[PDB]
$ cat coords.pdb   # PDB, C-alpha atoms and all ligand atoms
ATOM      1  CA  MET Z   1      10.214   4.754 -15.563  1.00  0.00           C
ATOM      2  CA  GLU Z   2      10.580   1.393 -13.751  1.00  0.00           C
ATOM      3  CA  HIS Z   3       8.788  -1.350 -15.706  1.00  0.00           C
ATOM      4  CA  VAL Z   4       6.923  -3.594 -13.266  1.00  0.00           C
ATOM      5  CA  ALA Z   5       3.310  -4.595 -13.817  1.00  0.00           C
ATOM      6  CA  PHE Z   6       0.685  -4.362 -11.084  1.00  0.00           C
ATOM      7  CA  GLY Z   7      -0.140  -7.838  -9.802  1.00  0.00           C
ATOM      8  CA  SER Z   8       2.991  -9.514 -11.154  1.00  0.00           C
ATOM      9  CA  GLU Z   9       3.689 -12.866  -9.526  1.00  0.00           C
ATOM     10  CA  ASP Z  10       7.242 -12.018  -8.379  1.00  0.00           C
ATOM     11  CA  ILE Z  11       6.647  -8.363  -7.521  1.00  0.00           C
ATOM     12  CA  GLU Z  12       8.183  -8.675  -4.044  1.00  0.00           C
ATOM     13  CA  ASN Z  13      11.504  -9.884  -5.545  1.00  0.00           C
ATOM     14  CA  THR Z  14      11.592  -7.067  -8.060  1.00  0.00           C
ATOM     15  CA  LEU Z  15      10.834  -4.364  -5.502  1.00  0.00           C
ATOM     16  CA  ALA Z  16      13.384  -5.664  -2.980  1.00  0.00           C
ATOM     17  CA  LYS Z  17      16.153  -3.932  -5.013  1.00  0.00           C
ATOM     18  CA  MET Z  18      14.527  -0.474  -5.134  1.00  0.00           C
ATOM     19  CA  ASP Z  19      15.373   2.577  -3.048  1.00  0.00           C
ATOM     20  CA  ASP Z  20      12.800   5.311  -2.441  1.00  0.00           C
ATOM     21  CA  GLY Z  21      13.831   7.006  -5.685  1.00  0.00           C
ATOM     22  CA  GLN Z  22      13.252   3.934  -7.836  1.00  0.00           C
ATOM     23  CA  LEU Z  23       9.906   3.303  -6.138  1.00  0.00           C
ATOM     24  CA  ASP Z  24       8.858   6.740  -7.383  1.00  0.00           C
ATOM     25  CA  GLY Z  25       9.283   5.446 -10.926  1.00  0.00           C
ATOM     26  CA  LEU Z  26       6.513   2.820 -10.703  1.00  0.00           C
ATOM     27  CA  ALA Z  27       3.299   3.105 -12.700  1.00  0.00           C
ATOM     28  CA  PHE Z  28       1.165   2.380  -9.617  1.00  0.00           C
ATOM     29  CA  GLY Z  29       1.003   3.410  -5.991  1.00  0.00           C
ATOM     30  CA  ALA Z  30       3.156   1.548  -3.497  1.00  0.00           C
ATOM     31  CA  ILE Z  31       3.223   1.737   0.293  1.00  0.00           C
ATOM     32  CA  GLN Z  32       5.453  -0.345   2.534  1.00  0.00           C
ATOM     33  CA  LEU Z  33       4.111  -1.001   6.043  1.00  0.00           C
ATOM     34  CA  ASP Z  34       5.592  -2.646   9.083  1.00  0.00           C
ATOM     35  CA  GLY Z  35       3.607  -5.251  10.977  1.00  0.00           C
ATOM     36  CA  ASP Z  36       1.964  -2.570  13.101  1.00  0.00           C
ATOM     37  CA  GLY Z  37       0.776  -0.645  10.055  1.00  0.00           C
ATOM     38  CA  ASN Z  38       3.314   2.167  10.224  1.00  0.00           C
ATOM     39  CA  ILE Z  39       4.339   3.647   6.885  1.00  0.00           C
ATOM     40  CA  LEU Z  40       7.961   2.960   5.907  1.00  0.00           C
ATOM     41  CA  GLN Z  41       7.797   3.916   2.197  1.00  0.00           C
ATOM     42  CA  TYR Z  42       5.194   5.800   0.161  1.00  0.00           C
ATOM     43  CA  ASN Z  43       5.773   6.548  -3.499  1.00  0.00           C
ATOM     44  CA  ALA Z  44       4.991   9.431  -5.809  1.00  0.00           C
ATOM     45  CA  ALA Z  45       2.260   7.618  -7.735  1.00  0.00           C
ATOM     46  CA  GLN Z  46       0.398   6.929  -4.484  1.00  0.00           C
ATOM     47  CA  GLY Z  47       0.571  10.628  -3.570  1.00  0.00           C
ATOM     48  CA  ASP Z  48      -0.877  11.469  -6.972  1.00  0.00           C
ATOM     49  CA  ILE Z  49      -3.865   9.201  -6.324  1.00  0.00           C
ATOM     50  CA  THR Z  50      -4.566  10.265  -2.737  1.00  0.00           C
ATOM     51  CA  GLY Z  51      -3.242  13.807  -2.414  1.00  0.00           C
ATOM     52  CA  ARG Z  52      -0.984  12.989   0.495  1.00  0.00           C
ATOM     53  CA  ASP Z  53       2.556  14.312   0.503  1.00  0.00           C
ATOM     54  CA  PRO Z  54       4.815  11.218   0.484  1.00  0.00           C
ATOM     55  CA  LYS Z  55       7.472  12.743   2.704  1.00  0.00           C
ATOM     56  CA  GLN Z  56       5.029  13.740   5.430  1.00  0.00           C
ATOM     57  CA  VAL Z  57       3.178  10.433   5.853  1.00  0.00           C
ATOM     58  CA  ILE Z  58       6.258   8.304   6.482  1.00  0.00           C
ATOM     59  CA  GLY Z  59       6.213   7.229  10.106  1.00  0.00           C
ATOM     60  CA  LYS Z  60       2.469   7.657  10.546  1.00  0.00           C
ATOM     61  CA  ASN Z  61       0.178   4.731  11.185  1.00  0.00           C
ATOM     62  CA  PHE Z  62      -1.832   3.908   8.085  1.00  0.00           C
ATOM     63  CA  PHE Z  63      -4.881   2.452   9.839  1.00  0.00           C
ATOM     64  CA  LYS Z  64      -5.076   4.808  12.805  1.00  0.00           C
ATOM     65  CA  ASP Z  65      -3.908   8.143  11.386  1.00  0.00           C
ATOM     66  CA  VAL Z  66      -3.835   8.315   7.597  1.00  0.00           C
ATOM     67  CA  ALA Z  67      -6.577   6.029   6.265  1.00  0.00           C
ATOM     68  CA  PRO Z  68      -9.376   5.485   8.797  1.00  0.00           C
ATOM     69  CA  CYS Z  69     -11.699   4.372   5.992  1.00  0.00           C
ATOM     70  CA  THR Z  70      -9.524   1.214   5.713  1.00  0.00           C
ATOM     71  CA  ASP Z  71     -10.021   0.395   9.422  1.00  0.00           C
ATOM     72  CA  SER Z  72     -12.605  -2.269   8.670  1.00  0.00           C
ATOM     73  CA  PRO Z  73     -12.699  -6.068   8.422  1.00  0.00           C
ATOM     74  CA  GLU Z  74     -12.474  -5.765   4.619  1.00  0.00           C
ATOM     75  CA  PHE Z  75      -9.049  -4.069   4.602  1.00  0.00           C
ATOM     76  CA  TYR Z  76      -7.344  -3.783   8.007  1.00  0.00           C
ATOM     77  CA  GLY Z  77      -8.874  -7.110   9.047  1.00  0.00           C
ATOM     78  CA  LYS Z  78      -7.155  -8.835   6.124  1.00  0.00           C
ATOM     79  CA  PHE Z  79      -3.867  -7.102   6.909  1.00  0.00           C
ATOM     80  CA  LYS Z  80      -4.014  -8.147  10.573  1.00  0.00           C
ATOM     81  CA  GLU Z  81      -4.653 -11.774   9.666  1.00  0.00           C
ATOM     82  CA  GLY Z  82      -1.784 -11.741   7.194  1.00  0.00           C
ATOM     83  CA  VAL Z  83       0.641 -10.320   9.720  1.00  0.00           C
ATOM     84  CA  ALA Z  84      -0.410 -12.853  12.352  1.00  0.00           C
ATOM     85  CA  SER Z  85      -0.052 -15.749   9.930  1.00  0.00           C
ATOM     86  CA  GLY Z  86       3.124 -14.523   8.248  1.00  0.00           C
ATOM     87  CA  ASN Z  87       1.675 -14.712   4.746  1.00  0.00           C
ATOM     88  CA  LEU Z  88      -0.513 -12.333   2.760  1.00  0.00           C
ATOM     89  CA  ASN Z  89      -1.516 -12.103  -0.896  1.00  0.00           C
ATOM     90  CA  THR Z  90      -4.905 -10.567  -1.604  1.00  0.00           C
ATOM     91  CA  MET Z  91      -6.345  -8.257  -4.239  1.00  0.00           C
ATOM     92  CA  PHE Z  92      -9.670  -6.408  -4.022  1.00  0.00           C
ATOM     93  CA  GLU Z  93     -11.384  -3.167  -4.982  1.00  0.00           C
ATOM     94  CA  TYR Z  94     -11.981  -0.450  -2.395  1.00  0.00           C
ATOM     95  CA  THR Z  95     -13.071   3.169  -2.153  1.00  0.00           C
ATOM     96  CA  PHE Z  96     -10.864   5.778  -0.488  1.00  0.00           C
ATOM     97  CA  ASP Z  97     -12.976   8.631   0.837  1.00  0.00           C
ATOM     98  CA  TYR Z  98     -11.351  10.313   3.861  1.00  0.00           C
ATOM     99  CA  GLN Z  99     -10.888  14.057   3.315  1.00  0.00           C
ATOM    100  CA  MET Z 100     -10.768  13.490  -0.438  1.00  0.00           C
ATOM    101  CA  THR Z 101     -13.024  12.937  -3.406  1.00  0.00           C
ATOM    102  CA  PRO Z 102     -14.191   9.303  -3.216  1.00  0.00           C
ATOM    103  CA  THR Z 103     -11.810   7.342  -5.412  1.00  0.00           C
ATOM    104  CA  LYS Z 104     -12.277   3.724  -6.431  1.00  0.00           C
ATOM    105  CA  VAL Z 105      -9.060   1.701  -6.579  1.00  0.00           C
ATOM    106  CA  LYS Z 106      -7.750  -1.813  -6.887  1.00  0.00           C
ATOM    107  CA  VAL Z 107      -5.599  -2.820  -3.920  1.00  0.00           C
ATOM    108  CA  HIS Z 108      -3.041  -5.636  -3.788  1.00  0.00           C
ATOM    109  CA  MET Z 109      -1.535  -6.469  -0.400  1.00  0.00           C
ATOM    110  CA  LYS Z 110       1.441  -8.792  -0.330  1.00  0.00           C
ATOM    111  CA  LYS Z 111       4.065  -9.738   2.220  1.00  0.00           C
ATOM    112  CA  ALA Z 112       7.467  -8.347   1.360  1.00  0.00           C
ATOM    113  CA  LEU Z 113      10.694 -10.333   1.243  1.00  0.00           C
ATOM    114  CA  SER Z 114      11.958  -8.475   4.327  1.00  0.00           C
ATOM    115  CA  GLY Z 115      10.808 -10.078   7.564  1.00  0.00           C
ATOM    116  CA  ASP Z 116       8.291  -7.688   9.094  1.00  0.00           C
ATOM    117  CA  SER Z 117       7.253  -5.696   6.027  1.00  0.00           C
ATOM    118  CA  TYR Z 118       4.134  -5.677   3.887  1.00  0.00           C
ATOM    119  CA  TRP Z 119       3.324  -3.994   0.580  1.00  0.00           C
ATOM    120  CA  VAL Z 120       0.119  -2.224  -0.349  1.00  0.00           C
ATOM    121  CA  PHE Z 121      -0.134  -1.559  -4.085  1.00  0.00           C
ATOM    122  CA  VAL Z 122      -2.844   0.653  -5.543  1.00  0.00           C
ATOM    123  CA  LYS Z 123      -4.098   1.593  -8.990  1.00  0.00           C
ATOM    124  CA  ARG Z 124      -7.176   3.405 -10.247  1.00  0.00           C
ATOM    125  CA  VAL Z 125     -10.119   1.487 -11.672  1.00  0.00           C
TER     126      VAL Z 125
HETATM  127  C1  LIG J   1      -9.572   6.012   3.790  1.00  0.00           C
HETATM  128  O1  LIG J   1      -9.605   6.704   4.762  1.00  0.00           O
HETATM  129  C2  LIG J   1      -8.400   5.921   2.874  1.00  0.00           C
HETATM  130  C3  LIG J   1      -7.484   7.058   2.852  1.00  0.00           C
HETATM  131  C4  LIG J   1      -6.140   6.851   2.253  1.00  0.00           C
HETATM  132  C5  LIG J   1      -5.791   5.627   1.454  1.00  0.00           C
HETATM  133  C6  LIG J   1      -4.581   5.500   0.967  1.00  0.00           C
HETATM  134  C7  LIG J   1      -3.579   6.585   1.222  1.00  0.00           C
HETATM  135  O2  LIG J   1      -2.332   6.396   0.676  1.00  0.00           O
HETATM  136  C8  LIG J   1      -3.887   7.651   1.903  1.00  0.00           C
HETATM  137  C9  LIG J   1      -5.257   7.794   2.473  1.00  0.00           C
END
$ encode --input "coords.pdb" --output "structure tokens"
Amino acid sequence: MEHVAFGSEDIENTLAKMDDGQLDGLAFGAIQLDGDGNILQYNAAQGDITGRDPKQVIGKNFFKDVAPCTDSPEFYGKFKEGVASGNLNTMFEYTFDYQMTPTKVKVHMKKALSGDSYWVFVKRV
């Protein structure tokens, strides 16, 4: 697989070189969002955690359509503030519970190297 550790300091540089196939080799879930919250990339490990089919969620809005349980000041609110400010680096635990067994995860959101792109990284806890 692709050897990159969750929470690594330079993760956005390392992931800038990966196509969708290489992203599927990561040990943790990875979602790339645009500044409106639309899903641009969604890897295999994320689909294993959540049950979603990675090919079908691309193009959907994460906060409106896919993950309403994240539409809250504690998750979406942090994303919105990061987009508005142009910088974002925050890690926190959360529970995903929409149409699935409630699953506790650690989330790391970080601005990507590309201009209007943001990463959401997820692992089980
Ligand atoms: C709450 O509704 C969270 C649901 C969710 C989180 C992450 C995903 O990749 C998919 C659904």
$ axis_aligned_box --input "coords.pdb" --around "ligand LIG 1 (chain J)" --padding-each-side "3 Å" --output "JSON"
{"center_x": -6.0, "center_y": 6.6, "center_z": 2.7, "size_x": 13.3, "size_y": 8.3, "size_z": 10.1}
$ resolve_selection --input "coords.pdb" --expression "the PyMOL selection byres (((chain Z and resi 7) around 12) and not hetatm)" --output "PyMOL selection string"
chain Z and resi 4-6+8-12+14+27-30+89-92+106-110+119-123
$ write_last_selection --input "coords.pdb" --atoms "C-alpha atoms" --output "PDB file, in the coordinates of the input"
ATOM      1  CA  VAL Z   4       6.923  -3.594 -13.266  1.00  0.00           C
ATOM      2  CA  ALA Z   5       3.310  -4.595 -13.817  1.00  0.00           C
ATOM      3  CA  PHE Z   6       0.685  -4.362 -11.084  1.00  0.00           C
ATOM      4  CA  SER Z   8       2.991  -9.514 -11.154  1.00  0.00           C
ATOM      5  CA  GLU Z   9       3.689 -12.866  -9.526  1.00  0.00           C
ATOM      6  CA  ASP Z  10       7.242 -12.018  -8.379  1.00  0.00           C
ATOM      7  CA  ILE Z  11       6.647  -8.363  -7.521  1.00  0.00           C
ATOM      8  CA  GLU Z  12       8.183  -8.675  -4.044  1.00  0.00           C
ATOM      9  CA  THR Z  14      11.592  -7.067  -8.060  1.00  0.00           C
ATOM     10  CA  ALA Z  27       3.299   3.105 -12.700  1.00  0.00           C
ATOM     11  CA  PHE Z  28       1.165   2.380  -9.617  1.00  0.00           C
ATOM     12  CA  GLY Z  29       1.003   3.410  -5.991  1.00  0.00           C
ATOM     13  CA  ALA Z  30       3.156   1.548  -3.497  1.00  0.00           C
ATOM     14  CA  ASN Z  89      -1.516 -12.103  -0.896  1.00  0.00           C
ATOM     15  CA  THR Z  90      -4.905 -10.567  -1.604  1.00  0.00           C
ATOM     16  CA  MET Z  91      -6.345  -8.257  -4.239  1.00  0.00           C
ATOM     17  CA  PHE Z  92      -9.670  -6.408  -4.022  1.00  0.00           C
ATOM     18  CA  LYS Z 106      -7.750  -1.813  -6.887  1.00  0.00           C
ATOM     19  CA  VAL Z 107      -5.599  -2.820  -3.920  1.00  0.00           C
ATOM     20  CA  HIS Z 108      -3.041  -5.636  -3.788  1.00  0.00           C
ATOM     21  CA  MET Z 109      -1.535  -6.469  -0.400  1.00  0.00           C
ATOM     22  CA  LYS Z 110       1.441  -8.792  -0.330  1.00  0.00           C
ATOM     23  CA  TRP Z 119       3.324  -3.994   0.580  1.00  0.00           C
ATOM     24  CA  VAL Z 120       0.119  -2.224  -0.349  1.00  0.00           C
ATOM     25  CA  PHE Z 121      -0.134  -1.559  -4.085  1.00  0.00           C
ATOM     26  CA  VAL Z 122      -2.844   0.653  -5.543  1.00  0.00           C
ATOM     27  CA  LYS Z 123      -4.098   1.593  -8.990  1.00  0.00           C
TER      28      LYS Z 123
END
$ residues_near_ligand --input "coords.pdb" --ligand "ligand LIG 1 (chain J)" --cutoff "7 Å" --atoms "all atoms listed in the file" --output "ChimeraX atom specification"
/Z:46-47,50,52,66-70,96-98
$ residues_near_point --input "coords.pdb" --point "(3.6, 10.5, 8.6)" --cutoff "12 Å" --atoms "only C-alpha atoms" --output "PyMOL selection string"
chain Z and resi 33+37-42+52-67
$ atom_distance --input "coords.pdb" --atom1 "CA of residue 51 in chain Z" --atom2 "CA of residue 100 in chain Z"
7.8 Å
$ build_atoms --input "coords.pdb" --residues "range 28-54 of chain Z" --atoms "N, CA, C and O atoms" --output "mmCIF file, keeping the file's coordinate frame"
data_model
loop_
_atom_site.group_PDB
_atom_site.id
_atom_site.type_symbol
_atom_site.label_atom_id
_atom_site.label_comp_id
_atom_site.auth_asym_id
_atom_site.auth_seq_id
_atom_site.Cartn_x
_atom_site.Cartn_y
_atom_site.Cartn_z
ATOM 1 N N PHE Z 28 2.256 2.547 -10.566
ATOM 2 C CA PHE Z 28 1.165 2.380 -9.617
ATOM 3 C C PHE Z 28 1.644 2.818 -8.246
ATOM 4 O O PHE Z 28 2.844 2.962 -7.999
ATOM 5 N N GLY Z 29 0.688 3.016 -7.347
ATOM 6 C CA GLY Z 29 1.003 3.410 -5.991
ATOM 7 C C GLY Z 29 1.561 2.254 -5.190
ATOM 8 O O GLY Z 29 1.140 1.109 -5.334
ATOM 9 N N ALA Z 30 2.531 2.559 -4.342
ATOM 10 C CA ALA Z 30 3.156 1.548 -3.497
ATOM 11 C C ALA Z 30 3.426 2.138 -2.135
ATOM 12 O O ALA Z 30 4.013 3.218 -2.023
ATOM 13 N N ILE Z 31 3.009 1.413 -1.109
ATOM 14 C CA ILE Z 31 3.223 1.737 0.293
ATOM 15 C C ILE Z 31 3.884 0.521 0.908
ATOM 16 O O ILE Z 31 3.431 -0.612 0.683
ATOM 17 N N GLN Z 32 4.913 0.725 1.711
ATOM 18 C CA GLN Z 32 5.453 -0.345 2.534
ATOM 19 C C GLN Z 32 5.099 -0.079 3.983
ATOM 20 O O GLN Z 32 5.345 1.022 4.479
ATOM 21 N N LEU Z 33 4.525 -1.074 4.652
ATOM 22 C CA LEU Z 33 4.111 -1.001 6.043
ATOM 23 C C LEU Z 33 4.902 -1.993 6.875
ATOM 24 O O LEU Z 33 5.276 -3.068 6.397
ATOM 25 N N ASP Z 34 5.126 -1.645 8.141
ATOM 26 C CA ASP Z 34 5.592 -2.646 9.083
ATOM 27 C C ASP Z 34 4.395 -3.433 9.610
ATOM 28 O O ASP Z 34 3.251 -3.225 9.220
ATOM 29 N N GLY Z 35 4.665 -4.382 10.487
ATOM 30 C CA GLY Z 35 3.607 -5.251 10.977
ATOM 31 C C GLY Z 35 2.626 -4.580 11.900
ATOM 32 O O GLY Z 35 1.583 -5.172 12.191
ATOM 33 N N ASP Z 36 2.919 -3.380 12.363
ATOM 34 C CA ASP Z 36 1.964 -2.570 13.101
ATOM 35 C C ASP Z 36 1.185 -1.616 12.212
ATOM 36 O O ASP Z 36 0.281 -0.931 12.696
ATOM 37 N N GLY Z 37 1.477 -1.562 10.927
ATOM 38 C CA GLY Z 37 0.776 -0.645 10.055
ATOM 39 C C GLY Z 37 1.419 0.711 9.914
ATOM 40 O O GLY Z 37 0.808 1.619 9.337
ATOM 41 N N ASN Z 38 2.641 0.890 10.397
ATOM 42 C CA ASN Z 38 3.314 2.167 10.224
ATOM 43 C C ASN Z 38 3.919 2.247 8.830
ATOM 44 O O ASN Z 38 4.427 1.261 8.300
ATOM 45 N N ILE Z 39 3.907 3.440 8.261
ATOM 46 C CA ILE Z 39 4.339 3.647 6.885
ATOM 47 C C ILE Z 39 5.851 3.811 6.851
ATOM 48 O O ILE Z 39 6.406 4.738 7.463
ATOM 49 N N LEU Z 40 6.519 2.922 6.108
ATOM 50 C CA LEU Z 40 7.961 2.960 5.907
ATOM 51 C C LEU Z 40 8.358 3.586 4.580
ATOM 52 O O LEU Z 40 9.412 4.233 4.503
ATOM 53 N N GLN Z 41 7.568 3.371 3.527
ATOM 54 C CA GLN Z 41 7.797 3.916 2.197
ATOM 55 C C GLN Z 41 6.443 4.276 1.613
ATOM 56 O O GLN Z 41 5.435 3.640 1.929
ATOM 57 N N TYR Z 42 6.433 5.293 0.755
ATOM 58 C CA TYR Z 42 5.194 5.800 0.161
ATOM 59 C C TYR Z 42 5.609 6.530 -1.107
ATOM 60 O O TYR Z 42 6.345 7.522 -1.028
ATOM 61 N N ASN Z 43 5.199 6.033 -2.267
ATOM 62 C CA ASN Z 43 5.773 6.548 -3.499
ATOM 63 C C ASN Z 43 4.965 7.682 -4.111
ATOM 64 O O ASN Z 43 3.854 8.025 -3.690
ATOM 65 N N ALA Z 44 5.579 8.284 -5.136
ATOM 66 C CA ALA Z 44 4.991 9.431 -5.809
ATOM 67 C C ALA Z 44 3.646 9.106 -6.435
ATOM 68 O O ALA Z 44 2.709 9.913 -6.371
ATOM 69 N N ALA Z 45 3.523 7.948 -7.080
ATOM 70 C CA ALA Z 45 2.260 7.618 -7.735
ATOM 71 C C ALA Z 45 1.128 7.511 -6.721
ATOM 72 O O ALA Z 45 -0.013 7.896 -7.012
ATOM 73 N N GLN Z 46 1.420 7.002 -5.525
ATOM 74 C CA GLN Z 46 0.398 6.929 -4.484
ATOM 75 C C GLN Z 46 -0.049 8.330 -4.080
ATOM 76 O O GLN Z 46 -1.250 8.594 -3.949
ATOM 77 N N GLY Z 47 0.905 9.243 -3.895
ATOM 78 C CA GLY Z 47 0.571 10.628 -3.570
ATOM 79 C C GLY Z 47 -0.264 11.286 -4.636
ATOM 80 O O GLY Z 47 -1.105 12.125 -4.329
ATOM 81 N N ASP Z 48 -0.050 10.926 -5.896
ATOM 82 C CA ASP Z 48 -0.877 11.469 -6.972
ATOM 83 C C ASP Z 48 -2.313 10.988 -6.867
ATOM 84 O O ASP Z 48 -3.244 11.725 -7.199
ATOM 85 N N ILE Z 49 -2.510 9.737 -6.459
ATOM 86 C CA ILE Z 49 -3.865 9.201 -6.324
ATOM 87 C C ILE Z 49 -4.577 9.835 -5.128
ATOM 88 O O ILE Z 49 -5.771 10.167 -5.205
ATOM 89 N N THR Z 50 -3.893 9.961 -3.991
ATOM 90 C CA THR Z 50 -4.566 10.265 -2.737
ATOM 91 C C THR Z 50 -4.458 11.716 -2.297
ATOM 92 O O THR Z 50 -5.179 12.117 -1.380
ATOM 93 N N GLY Z 51 -3.510 12.458 -2.855
ATOM 94 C CA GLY Z 51 -3.242 13.807 -2.414
ATOM 95 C C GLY Z 51 -2.290 13.947 -1.264
ATOM 96 O O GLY Z 51 -1.902 15.077 -0.943
ATOM 97 N N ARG Z 52 -1.882 12.858 -0.625
ATOM 98 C CA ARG Z 52 -0.984 12.989 0.495
ATOM 99 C C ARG Z 52 0.414 13.301 -0.010
ATOM 100 O O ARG Z 52 0.783 12.960 -1.128
ATOM 101 N N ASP Z 53 1.171 14.002 0.820
ATOM 102 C CA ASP Z 53 2.556 14.312 0.503
ATOM 103 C C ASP Z 53 3.403 13.141 0.981
ATOM 104 O O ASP Z 53 3.456 12.886 2.186
ATOM 105 N N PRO Z 54 4.110 12.443 0.085
ATOM 106 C CA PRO Z 54 4.815 11.218 0.484
ATOM 107 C C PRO Z 54 5.818 11.405 1.593
ATOM 108 O O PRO Z 54 5.973 10.524 2.437
#
